[PDB]
């Protein structure tokens, strides 16, 4: 019995989770600050056997970010970003079906994670774990981890949000700690 099989029958948001509002601000051609768009995000991707849906709320591809000509908005909208942009950022929101586990993986990236709804178990490859509840924040520094939805004893969906930044390769005793994705590689090709 695979957890969360076919739970996500309508893309984002997953059943039991609220639809969201993404506001994007900008400047008109008279210098006034205006609201450019209100939507449900972008680049909704169904993951696993319909066990989770991802939602890319924004992305940047350069540092510092160029906002003139609304170039940043169109680079974010015209292409589905990969796991992680070099010298840039991605804001990734994921809806988890009940009891759904992500594979133990490592992205070479510093990742600010915040639980938006539910309870999540952050497990590392050393066995160490932390239970993270709503509002809890993590600073994942290119470490090997897996995320586990444990909301209501594995019967409720949960939602998490990540802001992924670029990092240099972590070296420990002259050895580069290599990034790997396991079963998550099929979800970003």
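Residue numbers count along the first chain shown, from 1.
S.K.: Would 29-37 or 137-145 have the larger average of its C-alpha temperature factors, as given in the entry?
M.R.: Mean B over CA atoms: larger for 29-37.
S.K.: Regarding 160-168 and 52-60, which shows the higher C-alpha temperature factor on average in the entry?
M.R.: Stretch with the greater average CA B-factor: 160-168.
S.K.: Ranking every modelled residue in this chain by its Cα temperature factor as given in the entry, which third contains residue 105?
M.R.: Middle third, going by the recorded CA B-factors of the chain.
S.K.: So where's residue 126 on the chain's Cα temperature factor ranking, which third?
M.R.: It belongs to the highest third of the chain when residues are ordered by C-alpha B-factor.
S.K.: Ranked by Cα temperature factor within the chain, is residue 151 in the lowest third, the middle third or the highest third?
M.R.: As the PDB entry reports it, the C-alpha B-factor of residue 151 lands in the lowest third of its chain.
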